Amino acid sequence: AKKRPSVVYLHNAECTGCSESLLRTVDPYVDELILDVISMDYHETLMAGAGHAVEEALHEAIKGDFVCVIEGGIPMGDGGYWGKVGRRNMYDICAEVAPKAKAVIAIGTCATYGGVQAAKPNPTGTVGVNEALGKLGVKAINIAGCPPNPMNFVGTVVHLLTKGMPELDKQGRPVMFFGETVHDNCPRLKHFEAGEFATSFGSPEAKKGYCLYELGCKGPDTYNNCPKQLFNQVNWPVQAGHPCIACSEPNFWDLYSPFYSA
């Protein structure tokens, strides 16, 4: 035992968008990271053992100084029996672990706000991380977006063990990344202000880069950094002439939809 900071990665009612998106870090590569940087003490997608052997792992793991990473949001449901691992409910595994970490960090709009599963009627009645582990004194830092963009995560944890508890916004999101809206930093701004919009995807305007307000774009009411860091170091939704759907706002699914209007 020693080396780098123990990290416990928990997978609740997720879809693995957030874990996959993580493997996409650059600068801090996943190898550098998972090796010379952090110490992924528990992570069900990459663990070499299975079942029992890993349960033992977590157990020992959550004994030290560790950072919890919770992907997903919890089915508190009509019991909370919608998600079970090792035969135990996802709430329970969470009530156990979260509370013991120097710091917890909820990844993706599911962990954070409640995600896809939590959309009407929310049959599983799933809710966000620190809206469930709150009563247990958990105050997680939200790395929003469906999924969040490597650096927002990585940069966030780096910030932890380096400087400290990052300044956060109203929705518990690091201001150092979710400060500005999407619109604020979008290129088709020009057209927004000038009044030049596309009225259809297959149209001269659309093809020449007209703003998407019309088509449904939600950059206006969405705080993210996409326009400026951008995905896979090569693109973004709008750059691909597709409306922004507010994938990092507390209730996009049911709020900012229909996603092809307003």
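All residue numbers refer to positions in the sequence shown, first residue = 1.
The stretch with the higher mean CA B factor, choosing between 137 to 145 and 171 to 179, is 171 to 179. Stretches 41 to 49 and 207 to 215 differ in mean C-alpha B factor, with the higher average recorded for 207 to 215.
Annotation for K163, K100, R88, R188: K163 ranks highest, by Cα B-factor. Of the candidates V69, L230, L58, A194, the PDB record gives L230 the highest C-alpha temperature factor. Ranked within its chain, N224 lands in the lowest third, by CA B factor from the PDB record. In the deposited entry, the Cα temperature factor of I93 sits in the bottom third of values across the chain's modelled residues.
Sort the modelled residues of the chain by CA B factor and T109 lands in the lowest third.
In the PDB entry, a CA B factor belonging to the middle third of its chain's modelled residues is recorded for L255. In this PDB entry, the Cα temperature factor of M76 sits in the middle third of its chain's modelled residues.
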